[PDB]
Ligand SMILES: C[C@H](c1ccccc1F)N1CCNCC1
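Starting off, we have a lone chain in the form deposited without the ligand, written out as structure tokens.
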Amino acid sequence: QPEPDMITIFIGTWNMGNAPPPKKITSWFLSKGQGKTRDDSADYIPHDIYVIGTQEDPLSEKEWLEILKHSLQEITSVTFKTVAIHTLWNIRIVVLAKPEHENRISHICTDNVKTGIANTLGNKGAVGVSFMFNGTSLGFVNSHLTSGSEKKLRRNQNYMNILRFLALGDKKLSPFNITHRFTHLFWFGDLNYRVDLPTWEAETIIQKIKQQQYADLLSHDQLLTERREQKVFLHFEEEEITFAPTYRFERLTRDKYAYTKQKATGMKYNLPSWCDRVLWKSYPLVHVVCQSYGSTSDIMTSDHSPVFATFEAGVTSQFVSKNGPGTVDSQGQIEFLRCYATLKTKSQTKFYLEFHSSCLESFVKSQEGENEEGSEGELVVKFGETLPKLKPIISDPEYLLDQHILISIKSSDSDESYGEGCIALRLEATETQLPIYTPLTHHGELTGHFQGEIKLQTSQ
């Protein structure tokens, strides 16, 4: 029985509006409705992993697990295994996998983050799950961010708190937040970004939706505009949106958007918006392809419609050689030439690098770099040819070219990371000097760049 080099992953997000679901929700798991939808010829083909995020979920974990498992069994005739379930207040994540994957999955972690303070602490935040699937790390975040059209900055703050404080994946990756810990990271939920147009344009917006003309609405979507200005979700992807706004509907139909201010809304308008979203970030040069992104048309218990997204995702096997794991393979090495970090910091400490990778027995600390002043004000930290030679556990190019090196640049004075990034070893050539590059971030904001050259030696 061969190990897979690809899997498919279903991501669902649904704000259930504190109402039980209807008796049939299979269209959600089949990616049928509006947008980029899944071919009918695939309906019986189970996804490898289903990740379900709910918000305003009124059900117990038991109640929802029974609905989800029975739904997937009806679709696929497969009885899925429960990988993980985690609930904060009414925010929930469920991970289900095909039974054949049970002994491919390990290191399962769950966590939550509560956003806000006092007033604004009590119902928003995020839940997440991570695990290893053979050689590949997978992370999943379901967030319910702050509501309201005039709170985009609060949503951006909620995002930064979640990526700082959600404790998933390998704790040995201490300088790295969740935006660097996984081969593939999926972040979804009721992110609550709105279409920023004047209230008076409500009926115009509805018109446009009825005509399936989304371009003039998407150009005012706060998540797309905030992402363009690098205010949030830096270095994440989202498929093009080709489905109608998923909020705010009258319940029990999809024929009506309920946008007008009511006591029940705190006298706020809810112009039609794409509140419910799926984004991802994968390590450089790993296969990931969105195969569906859309909303259901036939699930109408909530004022939100469910959103689905599906992905092909590259995975690797749990590699064993005669040497590593348990030793190094002297036929492998990773060298760095002419490397330098460019940092936005105004500080003057010395810096050193840490290299982290599951291709190393443990992380590697460099010597301090040499600080110079850039011609436009910047700090340039030069490592020259001084960086340590990295000794991978396995030299086989079928393993090594699939790996990645995480880099942290740390202050000698405080040992605090000023920037984190990632380099792929999926090179065009071995035993050849090749350019490398990563942006550096800290708390998910841009702090600098790392560039230089790499020389990778494999057993071939």
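The first residue of the shown sequence is 1; numbering continues from there.
Missing here is the form solved in complex with the ligand; even so, the following discussion is about that form.
Novice: Would you kindly say which of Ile108, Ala258, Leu252, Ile206 lies with a heavy atom within 4.5 Å of the ligand in the entry with it bound?
Specialist: The residue in contact is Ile108.
Novice: Among the candidate residues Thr82, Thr265, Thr301, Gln331, which is the single one with a non-hydrogen atom no more than 4.5 Å from the ligand in the entry with it bound?
Specialist: Of the candidates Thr82, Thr265, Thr301, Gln331, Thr82 is the one lying within 4.5 Å of the ligand in the entry with it bound.
Novice: If we take heavy atoms and a 4.5 Å cut-off, which stretch out of 301-309, 143-151, 95-103, 198-206 is in contact with the ligand in the entry with it bound?
Specialist: Heavy atoms within 4.5 Å of the ligand in the entry with it bound occur in 95-103.
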